Structures are given as C-alpha cells and as structure tokens.
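Participant: so I pulled this structure from the PDB, and the sequence comes with it:
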Amino acid sequence: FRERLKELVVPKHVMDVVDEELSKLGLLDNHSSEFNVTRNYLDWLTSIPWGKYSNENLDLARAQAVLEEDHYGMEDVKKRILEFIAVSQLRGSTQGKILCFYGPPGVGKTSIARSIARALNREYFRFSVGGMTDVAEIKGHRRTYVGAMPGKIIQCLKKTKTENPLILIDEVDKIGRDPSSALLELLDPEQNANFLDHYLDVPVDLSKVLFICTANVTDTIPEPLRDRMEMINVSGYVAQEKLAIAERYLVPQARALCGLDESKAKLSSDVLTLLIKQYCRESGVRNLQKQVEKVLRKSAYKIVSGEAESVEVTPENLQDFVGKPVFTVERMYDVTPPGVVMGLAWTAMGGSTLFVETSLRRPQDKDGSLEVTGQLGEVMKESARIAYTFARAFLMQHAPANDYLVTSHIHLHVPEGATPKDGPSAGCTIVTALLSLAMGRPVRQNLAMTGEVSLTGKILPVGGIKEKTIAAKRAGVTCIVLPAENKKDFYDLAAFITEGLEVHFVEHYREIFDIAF
Amino acid sequence: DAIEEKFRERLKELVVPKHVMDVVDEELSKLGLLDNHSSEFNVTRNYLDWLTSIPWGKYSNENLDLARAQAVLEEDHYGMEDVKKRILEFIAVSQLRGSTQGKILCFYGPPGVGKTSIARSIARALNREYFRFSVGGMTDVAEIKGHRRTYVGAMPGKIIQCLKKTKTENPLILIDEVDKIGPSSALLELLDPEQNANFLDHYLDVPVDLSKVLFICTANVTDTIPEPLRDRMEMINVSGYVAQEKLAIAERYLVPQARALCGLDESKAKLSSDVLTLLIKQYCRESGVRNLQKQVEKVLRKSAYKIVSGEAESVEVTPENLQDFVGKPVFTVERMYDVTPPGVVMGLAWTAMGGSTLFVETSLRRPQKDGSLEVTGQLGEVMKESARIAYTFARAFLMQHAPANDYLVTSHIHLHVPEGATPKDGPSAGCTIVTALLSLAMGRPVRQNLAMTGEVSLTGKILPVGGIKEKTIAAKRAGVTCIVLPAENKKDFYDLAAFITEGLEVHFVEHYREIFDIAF
Amino acid sequence: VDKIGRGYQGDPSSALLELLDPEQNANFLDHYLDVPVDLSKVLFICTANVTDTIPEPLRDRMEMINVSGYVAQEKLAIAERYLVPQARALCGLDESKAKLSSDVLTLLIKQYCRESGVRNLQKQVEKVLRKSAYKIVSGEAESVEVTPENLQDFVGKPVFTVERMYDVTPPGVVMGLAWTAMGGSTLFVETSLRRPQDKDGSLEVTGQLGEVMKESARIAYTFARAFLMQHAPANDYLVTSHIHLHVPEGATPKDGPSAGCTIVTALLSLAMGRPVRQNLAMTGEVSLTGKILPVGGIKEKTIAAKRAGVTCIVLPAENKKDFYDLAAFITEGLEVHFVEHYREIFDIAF
Amino acid sequence: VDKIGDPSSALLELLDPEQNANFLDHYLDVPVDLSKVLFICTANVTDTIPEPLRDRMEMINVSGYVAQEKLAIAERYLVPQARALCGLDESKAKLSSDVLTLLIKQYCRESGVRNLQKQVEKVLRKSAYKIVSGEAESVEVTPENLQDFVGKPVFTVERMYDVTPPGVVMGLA
Ligand SMILES: Nc1ncnc2c1ncn2[C@@H]1O[C@H](COP(=O)(O)OP(=O)(O)OP(=O)(O)O)[C@@H](O)[C@H]1O
Ligand SMILES: *[B]([O])([O])[C]([C][C]([C])[C])[N]C(=O)[C]([C]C1=[C][C]=[C][C]=[C]1)[N]C(=O)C1=[C]N=[C][C]=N1
Ligand SMILES: *[B]([O])([O])[C]([C][C]([C])[C])[N]C(=O)[C]([C]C1=[C][C]=[C][C]=[C]1)[N]C(=O)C1=[C]N=[C][C]=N1
Ligand SMILES: *[B]([O])([O])[C]([C][C]([C])[C])[N]C(=O)[C]([C]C1=[C][C]=[C][C]=[C]1)[N]C(=O)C1=[C]N=[C][C]=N1
Ligand SMILES: Nc1ncnc2c1ncn2[C@@H]1O[C@H](COP(=O)(O)OP(=O)(O)O)[C@@H](O)[C@H]1O
Ligand SMILES: [Mg+2]
C-alpha cells in the first residue's frame, strides 16, 4: 500500500493521482472489474521508483580496468566512456547521453554495453526495436482496454528500480511502418524530462538514462534519429586480432558454457587460425564463436560418451569436429591475365575484393562499343562510360597508333554476376583494365586500386578506406593505389594493419599508369 | 456526491460561456443518477473531468514592454532579424489595440538554424505558455480532432490536451514539421481565422475559442505543404548563417553552453577565435550551427578528460593541437581545378547545406554524319534538357562566329559533371555548358578565376536563377574573382552584405554574347 | 466535402448520400434515434475547391454553383472597402495615422498579390499596417505615409516584374498565352535550326512538356509541313531541316492541347525567315487538317495578354461567347480576331 | 513459437533462468520454481519479431528427406498408423514397396511427409470402402491401379529429351 512510497521521493502531481485513485479504490467494492483495474493502476504507480538513483562509481582507473579486461580493442568506445565519466565527475551529478555504435555483425557492440553498465555500476536493460510496428510497445496501452500493460520502459524503471539504468536499444536499423516518432521523443533531450506513458498518464523523467543504440549501417536509421545521437565506429578485426579475441575470450567462455575446463579440452592456436582463415569469412567473430562452440560441444560429448578422457584439437583431426574447409580460395585470380584488374569494394558486412574482367566481343583489332554486365548500378555504369572515354583519350595521347578501344568491341564484366554492386569507385580500375587489354599487358601481380576518375583523368576520393584496406590485406596484396585526398583516412589505420602494404597516393591517372606498368 | 462539488469548484475562477455551462449542468444532473460501478458513470465522469480542465477564460498576463522583450530576444539567439522584427510588431499591435491577439506564422529554413528554439525564446519574451506539438509523419486525424466519448480509447486530441496543460487560453503552440505530415485537412480548420473561433474537438462536442493562440509552424521547404495550408499561414524565412555569423554564435552561445553542459569553467577550457574559425571552415559543412555544436562539445569533453584524469590543470586549444581533439580536417580542398583545361568551366550550385562549386568537363569520345553529345553525372531531366538547349545554341553561335570551325556538328562529345555519385538537377548551368562546349571547340580555356550561373534559352537569352547568396558565398570561398550573373538577379546580388560582394568583379548579362566576350 | 477521408475503416461520403437526398431527406434515419427526422427544410451548403473528388452520385444531389476568383479591379475594391477597414479594426490604427492610397493598393496588387483568392492581399495589407503601428507606438514617428516608392520598405521586393521575355520577336519565336493560378501567364515558343544545313528532317522538343503538348507539337509539325508545301511549294524547309523547339523557362512543367497554332506559326516563321507581328499573342488547338479548336481559360489568357502589352489577340471562333462574357474593362483595347481555320491566323500574322 | 502475437516479453522473461525460480502466476499468489523444467520450442522460419530470443534460443535445423528416407519412413511409421486410424490391417489392404516409391516419386515431392500421409490415408479409405461395400474381400494396390485411388499423377517423365540433338544441353535447377 502506502508503504511502497515512503522510501521514494514522490513528485506532487503523481501524489494527487495516487490519492484520487486511492479514493476511487476505497469507494469501489471487491470482486468487481473496476476494483481490479484501479488495483493494477495503483500497483504500477507505486512500483515506479520516483526519487532514487543508483550509486554510480565515477572512479576513472577502476572503470578503465573494468573495460580493458573484458573486451579487446574498441578504443573509441572506451575513450568516450572515460570522457563521460570525467564529465559526470565535473558536473557532480549523474548525467545521461545518447550513444550509437555502428559496425559489421559481431564486433562487440552488444557486449560492450553490458561491460559498460558494469563499469559505471548502473543497472542494465536491453530490448530491440527491430520488428515492432505499433507504438504501444513503448508508450503502453491505455488503462481502459480489456488487456492493459504499461509498455516497455515503465517495465525497465520498475524492474531495475532506478532512474538511470543504461537502457540498450539493440538493432535500431530495423523499424516497422512510423514508431520513429516515439523513438525520437524517447531519444530527445527536450522530450525526455517528460515522457507521459499512455497507461499511466503521469510523466516520468528520462534525462539521466544512458541510451546506447547499436546498428549495422547508419543510412537505414531515420535522418531525425541521426542527429540525437553520436556515432562511434566499432570496426572489424584482422586475423591476429580475431585470434587474440578467440584465445582470450571465446574459448574460455564457450568452454565454461559447455562444462569442460582447460585440461579436458584444448584448442591450439593453429586450430584457431584454421577456423579463422578457412572455416570463417567475416569481419566479426560471430561465426568463429559458433565454430568454437561446435568444437567444444563435440568434445564434451566425446568426453561423457567415454571415447576419451581429454581431447586436443589439432589441425590433423579438426575435420572430425567441423568437417571440410569451406572458403579455400581467398581470391578469384592468382595471376591476372592481360584483361583483369583487382578492385576493392565494401559494404555493411565489411570489406571485399573483386576483379574487373574485359574481353573482345567480336574478332578483329564504324566505332567500337562497350557492353557492361555484372548487375551494376546506374552510378557504376556512368563511371564505366567515363572510364571508357578517358581510356580512349589516354591511349591516343600515349600510343597514338594502337587504334584499339576505338574500333574494338569490348565486353566488361565484374564477376559474381548475381550480387548487385554500385558506386563511383573502380573508375581507375576500369581504366586500367581497358588499357591493359588494349596493350596486351598484365598489370602488376599483387596490386589493388580504388578511386573515382573524372573525364580529364583526375582521381577523386572514395569511401571506406579502412574496410577496403582490411580486405586487400587479407586477400594478400602488396601494392595499393589510393586517391591523394584519402591519405588522412589511410594514416588513421593501426600500425599493424598497414605493415606489408606498399602505398601510392595519386592525383591524376598518369601516376596510376606509371605504377601499374 | 463530493465529485459534484469538485467539478463545481473548478469553474469558480473561470468565466464559462453559456453553452459550456448548459452542457456541464446536463452532464452533472445525469451523473447524479448513475451507479458508481457501471461504465456510464466512468465515461460521464471522464467527460466532466475534461470539460472543467479547460481554461474557459484564463488568459496569461503578457509582457507588452517593447524594450524588455527586445532585450529578451536579443540575448537568447543571434541575428534572427525577421523573426524578431515580426514579434516586435506583434507586441506593438497588441499594445496599440490594448487586447491580446493571435496569429499563425510559419518559420521555414535549413536545418539547425534555431527555428524550434526561437519559439521558446519568444514564449518567454511574451510571457505566454509554450507547448510542443510534432506533426512530422503523422497519419491519424484523431490526434487533432479526437474520438467520440463512445469509444474506449478516446482522448480529446492534442489541442485540448494543450489547453489543459498550459492552463491559459492564449498559449504559444509550436506545430512542428508541417512539411513532413503524412490528416492535413484538420489543420485547415485548426488554423483558419474564420473557423478558428469555434474549434470542434470530437471528444468534447463543445466548441473552443483558439482565436488568441499564437501558432508557429516550422518547415524546411514550402513545396510539400498543401496549397490551402500555405494559404492559411504567414511565411517567414529563417536562412542559414555565413561564416561570420557562425563565429559569433559559437563565441557567444555555443561555447558557454557547452562548458555549462560539460561542467567546465572558462579558465579551465579555452577556445580561441582561430580554432572556432578552423572548425567552422573545415570540420563542418552545413547552413546552421548543429554539427558545430557537436564539435565544440567533443573538444570540451576531451578537455574535461585531460583535466579530471590528471594530465593538466588547464587546456588551451590552438589551431596546431586541434588535431588531438577532433582528428584531421574533413573539408580541406575548396576547389577541384586550379587551372582549367581548354574544355572545363566552373559552375555554381546550392542546397540546404549552403552552396557548392562544380565543374563542367567536356572532351572527345571519338577521334577527329553529324556529332553527338553524351552527358553523364547523375543529371535530372531538367538538367539534361538544359544540356540539349546548350548544345543547340552552341552549334548556332559557333556557326555565326567562326563559320569554318566544323566542330560541334561533326564531333562526338562526352560531357561530365564530376562527383558522379551525386545527383544534380536544375535549369542553371546552361551558360556554363555553352561555355564548356565553345571552349572545347575553339581550343581555348576560359578566364582562370571565373564562375557563371544562368539559364540559357534557345536563342541565347540568359534567364534568372535562384540562390544568389549561396552561389556567391561558394564562389568567394573557392577563390573566384570574377562572377557572371543574369541581369535580372542584379537586385538579389546587390541586396547582399558588403563583406560578401567585396572583391568580386561581377558582370550582369542578358544575352550570351556578353558572357562570351567576358570569358574570352 | 471534397476532403472527407475514405479510410480503410469508414467512408462517410456514402453516409452523406442519404443526408443530402432531395427526396429522401424527409425521413433521415439516425442510428441512435431509430426514428426518421424531416430534414427537407434545412439549407445545406457545401464548400469545395475541386469538384472531381466528390463521387458522382453525391455530386448529383448538390446544386454546384461557382465562386470564381477576382481580377485586379475587383481585388482593389475588396481591399479598400473591406480589408483595409477590417485591418485597421484589428491592428487598432486609424485612417488618419496611416493611409493606403489607391495607387499604393493598385501597385501592391499588381506586383505582389496575383492569385485568385484575396487571402494573401489581406496579409500584405496587415503587414504594412503592423509595420506602421510599430513605427508609431515606438516613437520613431507620429504618423506614417506609404507611397509607391517606400512600399518596398514595408513588404519587401516585388514578386512579379517582367511580364515579357521577348520585347521584339526574332524570326523564330511567337508569343503564346497560358493559364496559371497566379493570373494568366505569357510564354514564347522558340525554334532553331539544330544542324548546319537547311534523309528527311526532324523535330526535337524541350521545356518540360506533357504528353498532350508533345502530341500537339507533332500535329503542328505535320500540318506546318503540309501548309508550307501548299503555300510555297519550293521552300523545302521543314522537310529536310532538323529543328529544335523550346518553350522557355525550361524548369516549369507545362501541358495542354493549346499552342497548336503557336507552334505552327513558330515553324512557319522560322521557315520563311519572317517575324510575326510584334504585338500579337494567340492561343488555339490545331487539328491535322488545320481546324482551330476551342480552348479554355479565356479570361486569364486575355488578362495576361492585356497585361503584357499585347495589342492584337487571336482566338478560336468557338470562344466568342467566352470572350464576350468578359467584363468591359478586360477586353476594351484589344483587337481580337476569331478564326476557324489556320489560314486566317497566317493572314493575320503576316 | 513463430506464430505468436504482450506474449513476446512474457516468454522472454519465462525462459530466463534468473527469473525462472520465481514465476508468480496471477491465480496462485505463491511463486513456483520452474528451474528444473526443460523447454523446447519449434518453428518453421526464424523471421519472428524478437531478436533477443534468438540470442537465448539455440537454433537447430531439421532438413528434408530424400525419396529413400521418405519411403523408409512410410513403411515403418506412416502406413501402420494410417491402418490403425482406418481400422484395417496388413492382411486386408497391403501397400507394397514399389507402389509406395511410385506414390512418393509422382505425388509427394516436398521436404516433409505431410502430403504422403494424406495420400496413404486416401488409399486406405478407398480400400475400406472397397472391402465393406463388397467390391473385393481384400484389396491389393499395384502401380497399375494406384490412380484409381489417388487420381492423376502430379509429376511426369522428367526427361524432355532422351537423346540430345546438337543444340540442346541439360542443366540443373
Ligand atoms: N542564431 C542563434 N543564436 C543562438 N543559438 C542558435 C542560433 N542558431 C542556432 N542556435 C542553436 O542551435 C541549436 C539547435 O537549433 P534548432 O534545433 O532550433 O534548429 P532547427 O532549425 O529547429 O532544426 P530543425 O529544423 O531540424 O528542427 C539550439 O541549441 C540553438 O541554441
Ligand atoms: B566504391 O567505393 O564506390 C565501390 C566500387 C565497387 C563497385 C568496385 N562501391 C562499393 O564498394 C559498394 C558500396 C558503395 C560505395 C559507394 C557508393 C555506393 C555503394 N559495395 C559493393 O558494390 C559490393 C558489391 N558486392 C559485394 C560487396 N560490396
Ligand atoms: B542550377 O541552379 O539550376 C544548378 C545547376 C547545377 C547542377 C550547376 N542546380 C542546383 O543548384 C541544384 C539545386 C536546384 C536548383 C534548381 C532546381 C532544382 C534543384 N543543386 C545541385 O544540383 C547540387 C549538386 N551537388 C551538390 C549540391 N547541389
Ligand atoms: B493551353 O491552354 O492548354 C496551355 C498551353 C500552353 C503551354 C501554351 N496550357 C495551360 O494553360 C496549362 C493549364 C492547362 C490548361 C488546359 C489544359 C491543360 C492544362 N498551364 C501551363 O501550361 C503553364 C505554363 N507555364 C506556367 C504554368 N503553367
Ligand atoms: N573484443 C572482443 N572481446 C570479446 N568478445 C568479442 C569482442 N568483439 C566481439 N566479441 C563477441 O561478439 C559477440 C557480440 O557481437 P554483437 O556486437 O552482438 O554483434 P551484432 O549485435 O552486430 O550481431 C559476442 O559473442 C562477443 O563475445
Ligand atoms: Mg525544428
């Protein structure tokens, strides 16, 4: 009854509400519907914590030791959390921000939230806005409908019993059809102080909550939401990074979940590099986690079934635990013919490498044409047209007797003809492929290039230098050609990502021609 | 019975009209006959709760001191001249007629230019009550007009809830994002001085008097607003700020507020004007100070960390060490061509994020039966048709000027506008395309620091264009020293601040012959 | 009534079919009363902007009567007889403290307020009046006068200033008239040789033309060929030349079956190397054999012609009733020629 | 579980092993420990609304059956149960192996046995009628009268060509 509120610091308006609802409760009689609906209303109103904050430890070094020990890498998230702690110290009060991590699947966006709430000692709640289409799942129903529930944030405040509980909203890319309004008001510093749930009319404060959001790509998020939160990039890992993550975090966790311990089941680091290079193709450690779980589960069975008293997974018997090595190519061409050139692409899942093939379409050396296939977007077809024009101009100025590309009928294809692809990059790639076909020369053998081209030959910047460079390193390239204006993007990469890479920053195509031949 | 007294007491400080009093008496006498357990009693008590929580005569005591209100406005925002002049005229009229009043305004402009915050500043300057009301993406008319008492989940809609929350009958309601409304025929009644005096909410079933509410709508564009709704409300433009205004805003409003938000002191964290100019010029590219606020907050956060953690006792940010806080510059090019080849010409464009500079490149698709022109660069249909017009006029002009050229009628040309991923549109760049074609044909480059904008017709007439301010700013920023505008944009250009048109040798033209004699 | 929601759950425009039945109003059955109520003595008045959005069964029960817009003279009368006095009653000013002379109001209508309604004129009037009130109550003045020179200091910069692209027409252009919501509008039709020689010819059109207008261009091109063949059988222009036709202001979309005669005249003037009469607008749909067919919006087109300084207007002969139903001040100084076939337009224009 | 309608958060809380020990139901005010019950859930597509379920739910994929496995299933489990349901027995109505392979190959090609079950029930109902009415004191189904029981074959010869001319080549879909 009224004892659930003597520990709470109840506001005045909600005090009037609970008083008038107590009057209604007392005037009504038992075993009646109205009695029960008022009972539920008052129970919900007296279950909300109206004045309490969780004791938040603003100690810097302890929180840094907490964060740095349960998650590898991810410097941006930890730096932002430490600055958050510093600002909370200076302000003297417990404050709240709105953050958003975006990155490929399985890079720690969800577990870093839990470790963060453990560091700040706040509570923790998670709920996904993925498939929801009606706003009553957040704002709640109304007290009049036959089945009435107060939503999914009042439930947070009730079960956590706090006013700053670090709500994590997973997967805000997926949104039905628009609850984005309720989302924004929930994620707005001007609409947070008063929330006004639908079930219980009285508003509640949310300006102390720490809203963390996780997405895979920023563009599917509504533009209104793309301004009420900061954007921290959680990036994918490399082979050695994945291996460190595996050894230090995945094997212990999966093992302690399966029941075994360090003696009864081991995984040599060579087995882990096998499960990384071949049995997995990703920028995260999700499928790697599944593979390690499968290995340890079969190990647990072989233990309990009495086939062996301890298992040591080696490269010699990994097949008995996972089967055959999918992904045993790692790049289409090993030695490129005169017509094909390696290019770099990227997407939300991470970087990727692709090739641009050219060929003659009719048997000779009335102008030539250029067929283009490969499920290419409109921008990519226009870039191919620009590349064709500039390649003809360049071949005329450099080898005025070739006559190729002027009388020849060419066909240009980008393999994997099933997957669609777009973008203004690979213009320099298309120019290089056409010129190498016209000259009958193959380009340097481990070489990838990325960069937009213009009708006069200038090389314009591109995007996603980090992921493209990761993919080029993984595909085993030694040289790489970039636009000169992406130097600042390239030199933000860690020192171990750009070790065996010979880099060239160019402004005009003549430099790319000098490099590729 | 005590609820009869509670309802009859709420209407003591109110001057209730006659029809509302009739409805209240009927509903009270009806409530005095129901059973406290039936749903009829619940719905009648809800009706009498909503009927008495309307401020039937309660007005707020507005501040009508012009000097006090001007001082309030001038110390909350910066340079919103038209909005402040409008509110001062509003006060002047309310003072000259002695009674309160209501209007329906619409502030429209690019994002982040303080449209939705000047509303709160005005509500404070006027001593009104402020209410937020978002309409973007709304689809249900029952949010404006409500449902009957009959239905279960029945609320009286947003305006009645406003009147109940603000407790005054002349609040300031900010109908936000009327250009993105999904439903809009209810607003035709909400804000229409004819019907406005008797607004019928479907729940109350008794008309309210919104004739003294100051409605303020915000939008980014006026093209997506229905024509009658644009006919109802008054449009007031809130344009984006130039670099100097952005600097003044950062120095006066953004850095102090971000220090307050980060819990700093002025002695601890300092940002010189050079650092702020560097931010504005290189780390953010938009019309209003919205990303600049984020950059300032980031710098101050990293300063707070360097202090609390124990690095230093004071942080003094310089244009040198600014990298250690926000990283490397983002927009440090300012121009694609330094010396234009014989076939490229610099044009001007603009968007909601300010103005831009783009070049029109041309070249030969085939060596040395007529010619063709292939255009690429993600051009809209208007831009492609302008390219066709430019091609035809360039052919005719070169025929009349150099009759023995034979170019432009026998050559196959490719025309490109770089940044091939960016979609472009608009009838301008006609003169730019004509100049590109003629320069490629004659083998001559244009004047070296020259930008031109203007729609061309089939006989060579230069027609007016839009966004002279933004194009002029972008040309000045890109190091342009000669600008060629249409003659009918002369007043648009001369109504610009003196610090924009300072070092620009401008030329106003009517026919293309004048542009040709300039550019060559 | 043209804005009722036809939602997934609810179509009230079908429940109106009983409320507005001239014969079945006498027994209108409400679902709460369950007793028919005689409604045949009620004066129902509906208001709409567009008529086609009302279902035909419903549109048949109403007596649709039209409330047209206002021409400049009616707008000036409305202003100085209802708007300025009401604006003064609102802003609490007096006739003696700020006077809006008829010259100022005429200029304000001519340059700023051009649509059919009278709702923007109200806003400009009260803008002037509130700026005067702020000058007065702030002590910057004790009385304000608004003249046609300091008007731009009150309302801003004019919105309409040119009214005419070409003042003297070259051998390829010809003036046509259009219907707009902001009064009428004048537009020209430019034609130009596209290739360096006077294997057949071709016509390319630009200017954001609708489908009906492109078809009108095709028909006008065919008839222009036929007419120039019968008239000057040795011209050979329009048969082997590559023409480009442009309706300037290439950003705004334009449509309609009019401008047939305009396009024929443009092509013929280009072929003969002759400009048309220097103050001559024309409008009319042409057919494949040359017949000039009726058009719409005669009031607006005539207003726009008279406003752009046109002295000779040409209309189809079946628009004579439309033209002579216009007020006396609209059609007083215009030499109008009504035509049935195109040959008459050719004789007028040359 | 993917045909569920708030029941989503209710299940999300129920399956949780930290809220498992205290499951207070609205009828019994007394809590009950459910930390010893074993929960299994089945579905057909993993495109249901809650994603944090799939974080706690361990997905296992039950693939289809090739024709041999379907025939073995039909001979061992399906036909006995259908006989039990129709009241027949192996002496009265017999379904040989070749007729079952024919039935699978020409009528039921999906990944499950939902269609083959209805087909064998159809055969057994026709057989029950034939033995009760008196057309035959015992029925023997054979690949030359199965259509008299189930109607026309659904699938066909599967080879448009037997010997390919110079132009045509067989691909697989
Ligand atoms: N001239 C100015 N003076 C002071 N502050 C300003 C000014 N312009 C913008 N701001 C600041 O910008 C911030 C946000 O601006 P606001 O959200 O009002 O922009 P907006 O135009 O409403 O954006 P949107 O159209 O997207 O709603 C406010 O905190 C405000 O202080
Ligand atoms: B480039 O950076 O623009 C690049 C060119 C690529 C087609 C060789 N495009 C991409 O990488 C796109 C993403 C994108 C970039 C820029 C604009 C629009 C889209 N990714 C892909 O095309 C792709 C295709 N298959 C697999 C992975 N990624
Ligand atoms: B012009 O004013 O028409 C201009 C031509 C430009 C492509 C050289 N176009 C634009 O300025 C458009 C805005 C617009 C104006 C008029 C009608 C429709 C649209 N802006 C852009 O195309 C653009 C492209 N890239 C970056 C920024 N703006
Ligand atoms: B005509 O009367 O059809 C005319 C042809 C004009 C392009 C020379 N068209 C219009 O008047 C249209 C309205 C219309 C009337 C009748 C049928 C279809 C359409 N208006 C416009 O074309 C226009 C032109 N410029 C600006 C705005 N509107
Ligand atoms: N640095 C890391 N240390 C430990 N675990 C990691 C790390 N990076 C990723 N993981 C693993 O990734 C998984 C979480 O991925 P998540 O961020 O949920 O991806 P998504 O939400 O995009 O599917 C966890 O199993 C976690 O163990
Ligand atoms: Mg706004």
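Facilitator: Okay, I see it. Numbering: from 1, shown residues only, chains lettered A, B, ... in the order given. Ligands and ions are numbered 1, 2, ... in the order given.
Participant: where does the closest residue to ligand 5 within the stretch 351-500 of chain A sit, in terms of helix or strand?
Facilitator: Proximity of the stretch 351-500 of chain A to ligand 5 (C-beta to the nearest ligand atom) peaks at residue A:494, 14.0 Å away. (C-beta placed from N, C-alpha, C; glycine too.) Counting by DSSP states H and E, no helix or strand carries residue A:494.
Participant: state the distance from it to residue A:500.
Facilitator: 14 Å (C-beta to C-beta, to the nearest Å).
Participant: most proximal residue of the stretch 101-250 of chain C with respect to ligand 5?
Facilitator: Counting by C-beta to the nearest ligand atom, the stretch 101-250 of chain C gets nearest to ligand 5 through residue C:208 (46.6 Å).
Participant: measure the closest residue to that residue other than its chain neighbours to residue B:382 for me?
Facilitator: Using C-beta to C-beta, 6 or more residues apart in numbering or on different chains and skipping residues adjacent in sequence, the residue nearest residue C:208 is residue C:253, 4.2 Å away. According to C-beta to C-beta, residue C:253 and residue B:382 sit 9 Å apart.
Participant: which neighbours do these two have in common?
Facilitator: residue C:208 (C-beta atoms under 8 Å, 6 or more residues apart in numbering or on different chains).
Participant: who has more neighbours out of those two?
Facilitator: Set residue C:253 next to residue B:382 and count neighbours by other C-beta atoms under 10 Å in any protein chain shown: residue B:382 wins out with 21 against 12.
Participant: residues in contact with residue C:106?
Facilitator: With contact set as C-beta under 8 Å, 6+ apart, residue C:106 has these partners: C:72, C:76.
Participant: let me know the secondary structure of it.
Facilitator: helix (DSSP: H, G, I helix; E, B strand; the rest coil).
Participant: follow-up on the earlier one: ok, the residue nearest to residue C:208 to ligand 6 distance?
Facilitator: Distance of residue C:253 to ligand 6, given as C-beta to the ion, to the nearest Å: 31 Å.
Participant: hang on, that residue packs against residue C:213?
Facilitator: No - counting by C-beta atoms under 8 Å, residue C:213 is not a contact partner of residue C:253; they are 9.5 Å apart.
Participant: residue B:218 versus the closest residue to ligand 1 within the stretch 351-500 of chain A, what's the distance?
Facilitator: Proximity of the stretch 351-500 of chain A to ligand 1 (C-beta to the nearest ligand atom) peaks at residue A:463, 25.1 Å away. Using C-beta to C-beta, residue A:463 is found at 32 Å from residue B:218.
Participant: for residue A:282, same thing?
Facilitator: The spacing between residue A:282 and residue B:218, counted by C-beta to C-beta, is 44 Å.
Participant: and residue A:437, by the same measure?
Facilitator: For residue A:437, the distance to residue B:218 - C-beta to C-beta - is 56 Å.
Participant: ok, now residue C:242?
Facilitator: Residue C:242 sits at a distance of 51 Å from residue B:218 (criterion: C-beta to C-beta).
Participant: surely residue A:156 meets residue A:125?
Facilitator: Yes - if you go by C-beta under 8 Å, residue A:156 and residue A:125 touch, sitting 4.5 Å apart.
Participant: for chain C, which residues are neighbours of ligand 2?
Facilitator: Residues of chain C lying close to ligand 2 (C-beta under 6 Å from any ligand atom): none.
Participant: show me which strand runs longest in chain C.
Facilitator: Assignment by DSSP state E gives strand C:184-193 as the longest strand of chain C.
Participant: tell me the strands beside it, with direction?
Facilitator: Strand C:184-193 has the following strand partners under DSSP bridges: strand C:174-179 (antiparallel), strand C:242-246 (antiparallel).
Participant: of all those strands, which lies closest to residue C:121?
Facilitator: strand C:174-179 (20.8 Å; C-beta to C-beta).
Participant: dump the strands paired with strand C:184-193 into CSV; add mean neighbour count as well.
Facilitator: Below are the strands paired with strand C:184-193 laid out as CSV (neighbours: other C-beta atoms under 10 Å in any protein chain shown):
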stretch, mean neighbour count
strand C:174-179, 25
strand C:242-246, 23
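Participant: would TSV of those with distance to residue C:48 be doable?
Facilitator: As requested, the strands paired with strand C:184-193 are exported to TSV (distance: least, C-beta to C-beta, whole Å):
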stretch	distance to residue C:48
strand C:174-179	20
strand C:242-246	38
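Participant: can you redo those as JSON lines with distance to ligand 1?
Facilitator: Converted to JSON lines, those look like this (distance: least, C-beta to the nearest ligand atom, whole Å):
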{"stretch": "strand C:174-179", "distance to ligand 1": "36"}
{"stretch": "strand C:242-246", "distance to ligand 1": "38"}
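Participant: those helices in the stretch 401-517 of chain A, which residues are they?
Facilitator: A:427-439, A:465-474, A:487-490, A:509-516 (DSSP state H, counting those that start in this stretch).
Participant: let me have the ones you listed in CSV, adding distance to residue C:94 as columns.
Facilitator: Below are the helices of the stretch 401-517 of chain A laid out as CSV (distance: least, C-beta to C-beta, whole Å):
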stretch, distance to residue C:94
helix A:427-439, 71
helix A:465-474, 71
helix A:487-490, 67
helix A:509-516, 76
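Participant: out of these, flag the one nearest ligand 3.
Facilitator: Among these, the nearest to ligand 3 by C-beta to the nearest ligand atom is helix A:427-439 (18.3 Å).
Participant: so that closest one, near ligand 2 or not?
Facilitator: No - using C-beta under 6 Å from any ligand atom, we find that helix A:427-439 stays clear of ligand 2, coming within 6.8 Å at best.
Participant: what's the angle from that helix to helix A:509-516?
Facilitator: Angle, helix A:427-439 to helix A:509-516, by axes from the mean of the first three to the mean of the last three C-alpha atoms, to 10 degrees: 60 degrees.
Participant: which elements pack onto helix A:427-439?
Facilitator: Judged by 3 or more C-beta pairs under 8 Å, 6 or more residues apart in numbering or on different chains; DSSP states H and E, helix A:427-439 is in contact with strand A:341-346, strand A:351-360, helix A:378-398, strand A:409-413, strand A:447-449, strand A:452-453, helix A:509-516.
Participant: next structured bit after the second one?
Facilitator: By that I understand strand A:351-360. Remark: after strand A:351-360, the chain's next helix or strand is strand A:369-373, criterion DSSP H and E.
Participant: show residues contacting the longest helix seen in chain C.
Facilitator: Among all segments of chain C classified by DSSP state H, the helix with the greatest residue count is helix C:211-231. Contact partners of helix C:211-231, identified using C-beta under 8 Å, 6+ apart, comprise C:203, C:205, C:209, C:235, C:237-239, C:243, C:245, C:254-261, C:263-264, C:267-268, C:271-272, C:285-290, C:342-343, C:346.
Participant: for residue C:227, give its distance to residue C:264.
Facilitator: Distance from residue C:227 to residue C:264, by C-beta to C-beta: 7 Å.
Participant: find residues that contact each of those two.
Facilitator: Listed contacts common to residue C:227 and residue C:264 are residue C:342; contacts here mean C-beta under 8 Å, 6+ apart.
Participant: ok, residue A:466 - contacts?
Facilitator: With C-beta under 8 Å, 6+ apart, residue A:466 has these contacts: A:235, A:351, A:489, A:492-493, A:497.
Participant: ok, the residues you listed vs residue C:186, which is closest?
Facilitator: Each of the contacts of residue A:466 was scored against residue C:186 by C-beta to C-beta, and residue A:489 proved nearest at 54.2 Å.
Participant: ok, that closest one to residue A:461 distance?
Facilitator: Separation of residue A:489 from residue A:461 (C-beta to C-beta) stands at 8 Å.
Participant: likewise for residue C:29?
Facilitator: Distance check for residue C:29 against residue A:461: by C-beta to C-beta, it reads 73 Å.
Participant: what about dumping the CA coordinates of stretch A:329-347 to CSV?
Facilitator: Only the C-alpha atoms of stretch A:329-347 are listed here, as CSV (Å, rounded to 0.1, in the frame of the first residue of the first chain):
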residue,chain,number,x,y,z
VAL,A,329,40.3,-19.8,-52.4
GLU,A,330,40.5,-16.3,-50.8
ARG,A,331,40.8,-14.6,-54.2
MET,A,332,39.5,-15.3,-57.7
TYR,A,333,42.6,-14.9,-59.8
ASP,A,334,46.1,-15.7,-58.6
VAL,A,335,47.9,-14.3,-61.7
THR,A,336,45.8,-11.9,-63.7
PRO,A,337,45.7,-12.1,-67.5
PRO,A,338,46.0,-9.0,-69.7
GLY,A,339,42.4,-8.0,-69.2
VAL,A,340,41.6,-8.2,-65.5
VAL,A,341,42.5,-5.9,-62.6
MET,A,342,41.8,-6.3,-58.8
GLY,A,343,39.5,-3.7,-57.2
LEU,A,344,38.3,-3.2,-53.7
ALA,A,345,34.7,-2.9,-52.6
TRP,A,346,32.9,-2.6,-49.2
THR,A,347,29.5,-2.9,-47.7
